[PDB]
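J.: Experimental structure and sequence below.
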Amino acid sequence: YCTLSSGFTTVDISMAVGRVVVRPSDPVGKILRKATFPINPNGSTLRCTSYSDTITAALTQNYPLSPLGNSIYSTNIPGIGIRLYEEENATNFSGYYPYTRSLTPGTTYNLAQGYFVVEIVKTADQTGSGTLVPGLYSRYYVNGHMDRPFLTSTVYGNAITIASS
């Protein structure tokens, strides 16, 4: 089981990608926009007691994996996918969302330094236009503390707009 530090506070990344222009010629699979957002650790920590304890990068929108796979998930916009990941010298705790990794008992864990990456991807020949649905897109949490993640990423309002020509 994991114990969170007193005053443990989630870091939320606002996924303010902006306007993403898509051209009919853009090929399926193209990263239409790679947006990088700063992750500012804040001193929150946790430690766990069991080899079965885990930290999980989970995707909270209910959209399925896109036909392309490779962690490119569909969105409410046809032909537009989204892929998330955290970008330091810790490959065991990096990778495309979603993933889950084992934690070492007794190790005091902090939110790692780096950047949160949002990739908007063309997943079909023709793309829709509009705004990605708002809300939580990801949470990075330990087992038993899904309600208090290290890190979340959230779309507010029309922070990500697709404009297909």
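T.: Noted; the coordinates are in hand. Numbering: from 1, shown residues only.
J.: tell me the SS of residue 34?
T.: Three-state call for residue 34 (DSSP: H, G, I helix; E, B strand; the rest coil): strand.
J.: I'd say it and residue 116 touch.
T.: No. Counting by C-beta atoms under 8 Å, residue 116 is not a contact partner of residue 34; they are 11.5 Å apart. Quick note: C-beta positions are derived from backbone N, CA and C, even for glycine.
J.: more crowded one of those two?
T.: residue 116 (23 against 12; other C-beta atoms under 10 Å).
J.: for the more buried one, what are its contacts?
T.: 13, 36, 37, 38, 39, 84, 85, 86, 87, 151, 153 (C-beta atoms under 8 Å, 6 or more residues apart in numbering).
J.: make it 10 Å
T.: Applying C-beta atoms under 10 Å, 6 or more residues apart in numbering to residue 116 gives the contacts 11, 13-15, 35-39, 84-87, 97, 138, 140, 151-153.
J.: Ignoring the adjacent residues along the chain, who's closest to the residue nearest to the spatial centre of the chain?
T.: The centroid of the chain falls nearest to residue 84 when counting by C-alpha atoms, centre = their mean (3.9 Å). Once flanking residues are discounted, residue 84 sits nearest to residue 97: 4.2 Å by C-beta to C-beta, 6 or more residues apart in numbering.
J.: And residue 56, by the same measure?
T.: residue 100 (4.2 Å).
J.: Am I right that the one you found is in a strand?
T.: Yes. Judged by three-state DSSP, residue 100 forms part of a strand.
J.: Assess the claim that it and residue 52 are in contact.
T.: No. If you go by C-beta atoms under 10 Å, residue 100 and residue 52 don't touch, sitting 11.2 Å apart.
J.: intersection of neighbour lists for those two?
T.: residue 143.
J.: which residues sit in contact with residue 28?
T.: Contacts of residue 28 (C-beta under 10 Å, 6+ apart): 66, 67, 68, 79, 81, 121, 122, 123, 124, 125, 126, 127.
J.: out of those residues, which one sits closest to residue 164?
T.: Nearest to residue 164 among the contacts of residue 28: residue 127, at 4.3 Å, using C-beta to C-beta.
J.: Apart from its neighbours in sequence, what residue is nearest that closest one?
T.: residue 79 (3.8 Å).
J.: Would you confirm that that neighbour contacts residue 72?
T.: No. Using C-beta under 10 Å as the test, residue 79 is too far from residue 72 to be in contact (11.4 Å).
J.: Counting neighbours around each, name which of those two comes out higher.
T.: Counted by other C-beta under 10 Å, residue 79 and residue 72 do not tie: residue 72 has more neighbours, with 23 against 20.
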